[PDB]
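With the authors' numbering applied, the sequence shown covers 29 to 62, 76 to 352, 364 to 404, 409 to 482, 489 to 500.
From the three backbone atoms N, C-alpha and C, an ideal C-beta is built for every residue, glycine too.
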Amino acid sequence: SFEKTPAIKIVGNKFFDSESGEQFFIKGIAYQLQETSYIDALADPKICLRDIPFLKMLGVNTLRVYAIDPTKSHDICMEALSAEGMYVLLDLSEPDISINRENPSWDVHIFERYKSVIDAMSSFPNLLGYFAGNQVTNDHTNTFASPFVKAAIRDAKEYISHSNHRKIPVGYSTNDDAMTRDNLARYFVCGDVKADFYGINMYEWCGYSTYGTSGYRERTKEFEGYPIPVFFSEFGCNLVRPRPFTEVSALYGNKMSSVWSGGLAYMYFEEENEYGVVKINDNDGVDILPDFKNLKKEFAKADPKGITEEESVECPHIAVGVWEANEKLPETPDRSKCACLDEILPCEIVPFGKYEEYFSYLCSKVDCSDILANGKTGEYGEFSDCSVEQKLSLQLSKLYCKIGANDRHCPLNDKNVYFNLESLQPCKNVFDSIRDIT
Ligand SMILES: OC[C@H]1O[C@@H](O[C@@H]2[C@@H](O)[C@H](O[C@@H]3[C@@H](O)[C@@H](O[C@@H]4[C@@H](O)[C@H](O[C@@H]5[C@@H](O)[C@H](O)O[C@H](CO)[C@H]5O)O[C@H](CO)[C@H]4O)O[C@H](CO)[C@H]3O)O[C@H](CO)[C@H]2O)[C@H](O)[C@@H](O)[C@@H]1O
Ligand SMILES: *[C@H]1O[C@H](CO)[C@@H](O)[C@H](O[C@@H]2O[C@H](CO)[C@@H](O)[C@H](O[C@@H]3O[C@H](CO)[C@@H](O)[C@H](O[C@@H]4O[C@H](CO)[C@@H](O)[C@H](O)[C@H]4O)[C@H]3O)[C@H]2O)[C@H]1O
């Protein structure tokens, strides 16, 4: 039963309870513990059922979760959250499968991860939204990663649209770098593809600050009229402790409630970074920290005055060293096309420092244009959406064919290289593409 959490929908630049029609404001906290490299607390009832009572005391209605394991069940925890009126904002990526901001790709491997999370989590009415990326671009040196994130938003949205699932919105979470902030926010609502909502990591308010002096007034004037819901994906600067959380009074106050859809405190668990409101002891029990009462009191005080439901933008121009995100986006990764490489290529490589070494080597012998992806120029190779191993295998196979010894000896020395016997057996279009490529 999900009665206490009606699905939230988006109308204009606001969230609304789909049953009541009242504006929904996020009063949230980040909930993530640091087998899989990440820990999925929502897959383990002994963890989530310990914490929900404290989350209830805090007064939160939303958790932000950075990584789930899609191979595990989540209904116990999601139902337990619903019973307390709590929703989940969830990233689609995980640290080891996270668009690489320094070497960006939007490919079948990352897309498969995204689909897996969508198929694991979309049945829950209290799944508020998905993040298709989190601070990928983070300064003026890696703005070219943003077209890859936009492609991911488009493709996650399309995958959801074509699925039988409720049309859970797909958004983006960004940092607060002064040089890139404005351009990023415009980019994610520009042209033909838009984020559904937008979260900003917001640490401008530290200790006993004010609306005017923190920078909140400037950010609020900045986002006034923004076409999609906007909120703080993180808040809780820890410069002064115990954190007063007096920013909460401002965020849900009259001047900010008309622009922002609330925010999520960072974070629940105390870990090496010192941002918790609770600490898990040696006995796996919850010890409440000095911050907890302050957040609780502020959330309890917060009463945002909302409206009721009944009541294309130009992309930033390109400038070298300032903004290098092309409006033109990578294509939707094509699992079938890429899977036909596994079938027809003579020389294959099992997944692995070696990528950079081997691409350097192979791309000195054959033309790697077909696997390159350039977010600055909007030039994306025909097989740039395949997995890194598929891309490497393509180049190795091209070299094998160029040598033409046809002796089943693949021209790269590595235990991970093998000749593909399936290649000898008598995907038609991909074959034509690859046969053409030789
Ligand atoms: O670095 C790891 C971390 O980085 C994040 O991205 C950051 C981003 O948060 C950052 O945003 C800038 C804010 O820090 C902002 O904050 C200023 C605030 O710190 C300052 O505090 C006062 C303090 O200086 C004083 O001594 O004592 C008083 C006590 O009351 C404090 O209030 O107050 C300023 C105004 O008075 C306030 O602006 O400043 C700028 C301008 O808005 C923000 O851009 O920018 C970083 C560098 O560009 C950026 O890397 C990520 O989100 C996170 O994931 C990473 O882990
Ligand atoms: C906001 O600021 C606080 C404190 O200043 C900071 O600790 C937060 O950092 C997040 O904390 C979480 C743990 O509490 C982490 O899970 C989280 O990490 C990020 O999670 C996303 C979601 O799964 C992944 O996509 C990240 O993975 C990296 O992604 C980048 C961009 O795609 C890639 O370049 C990297 O290859 C990849 O590792 C991941 O680190 C963490 O961000 C702040 O959000």
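Sequence-distant residues of its chain with Cβ nearer than 8 Å to residue i (five each side left out)
| i | result |
| --- | --- |
| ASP180 | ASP218, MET220, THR221 |
| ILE140 | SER134, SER146, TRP147, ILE151, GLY174, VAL177, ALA186, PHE189, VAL190, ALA193 |
| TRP301 | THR261, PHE264, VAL271, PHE272, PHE273, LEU292 |
| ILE459 | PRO467 |
| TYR249 | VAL281, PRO285, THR287 |
Coil, strand or helix - residue i by DSSP
| i | result |
| --- | --- |
| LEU168 | strand |
| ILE348 | coil |
| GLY304 | strand |
| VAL129 | strand |
| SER274 | strand |
| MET243 | strand |
| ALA193 | helix |
| residue 5 | Outside the shown range of the chain (29 to 500) lies residue 5, about which nothing can therefore be said. |
| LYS320 | strand |
| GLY253 | helix |
| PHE310 | strand |
| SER214 | strand |
| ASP180 | coil |
| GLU259 | helix |
| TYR436 | strand |
| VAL234 | coil |
| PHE44 | strand |
| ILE80 | coil |
| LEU397 | coil |
Closest Cα partner of residue i within the set the options
| i | options | result |
| --- | --- | --- |
| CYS457 | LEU418, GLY256, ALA124, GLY126 | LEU418 |
| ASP81 | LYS42, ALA161, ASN335 | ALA161 |
| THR33 | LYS42, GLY100, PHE165 | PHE165 |
| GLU76 | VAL101, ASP110, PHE30 | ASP110 |
| residue 405 | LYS235, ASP237, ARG258, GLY232 | The chain lacks coordinates between 404 and 409, the interval that contains residue 405. |
| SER163 | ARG207, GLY240, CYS278 | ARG207 |
| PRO94 | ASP386, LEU130, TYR309, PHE53 | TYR309 |
| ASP494 | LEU104, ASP116, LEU393, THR433 | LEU393 |
| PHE53 | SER449, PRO345, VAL402 | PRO345 |
| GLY212 | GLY170, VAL234, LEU448 | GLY170 |
| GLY303 | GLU245, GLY266, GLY347 | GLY347 |
| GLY431 | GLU143, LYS235, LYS337 | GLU143 |
| residue 483 | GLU275, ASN324, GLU478, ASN335 | No atoms are given for residue 483, which sits in the stretch of the chain between 482 and 489 that the model skips. |
| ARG105 | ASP386, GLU352, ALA391, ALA306 | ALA306 |
Residue i: CB within 7 Å of a non-hydrogen atom of ligand 1
| i | result |
| --- | --- |
| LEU130 | no |
| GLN176 | yes |
| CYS278 | yes |
| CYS466 | no |
| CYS118 | no |
| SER416 | no |
| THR251 | no |
| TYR257 | no |
| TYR244 | yes |
| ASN183 | no |
Residue i: CB within 7 Å of a non-hydrogen atom of ligand 2
| i | result |
| --- | --- |
| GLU135 | yes |
| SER139 | yes |
| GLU275 | yes |
| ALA35 | no |
| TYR267 | no |
| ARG154 | no |
| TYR171 | no |
| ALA429 | no |
| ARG222 | no |
| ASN314 | yes |
| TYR307 | yes |
| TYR411 | no |
Contact set for residue i: own chain, Cβ-Cβ below 6 Å, skip 5 residues either direction
| i | result |
| --- | --- |
| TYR155 | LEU133, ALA197 |
| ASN175 | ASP132, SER214 |
| residue 488 | For residue 488, no position is available: the coordinates of the chain end at 482 and pick up again at 489. |
| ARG464 | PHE475 |
| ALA341 | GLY100 |
| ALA108 | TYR79, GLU135 |
| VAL422 | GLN451, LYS454, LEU455 |
Beta-carbon contacts of residue i that lie in its chain and below 7 Å, excluding the five residues immediately before and after
| i | result |
| --- | --- |
| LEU330 | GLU311, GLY317, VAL318, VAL319, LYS320 |
| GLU383 | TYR436, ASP441 |
| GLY373 | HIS181 |
| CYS247 | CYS278, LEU280, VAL281 |
| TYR252 | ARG258, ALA291, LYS296 |
| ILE269 | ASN41, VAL230, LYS235, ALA236, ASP237, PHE238, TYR239 |
With three or more C-beta pairs closer than 8 Å as the rule, is the stretch 117-124 touching the stretch 146-153? no
Does the stretch 226-236 touch the stretch 365-378, meaning 3 or more C-beta pairs lie closer than 8 Å? yes
Would you be able to state if there are at least three C-beta pairs under 8 Å between the stretch 435-445 and the stretch 412-427? yes
Validate contact between the stretch 378-398 and the stretch 445-454 using beta carbons, cut 8 Å, 3 pairs: yes
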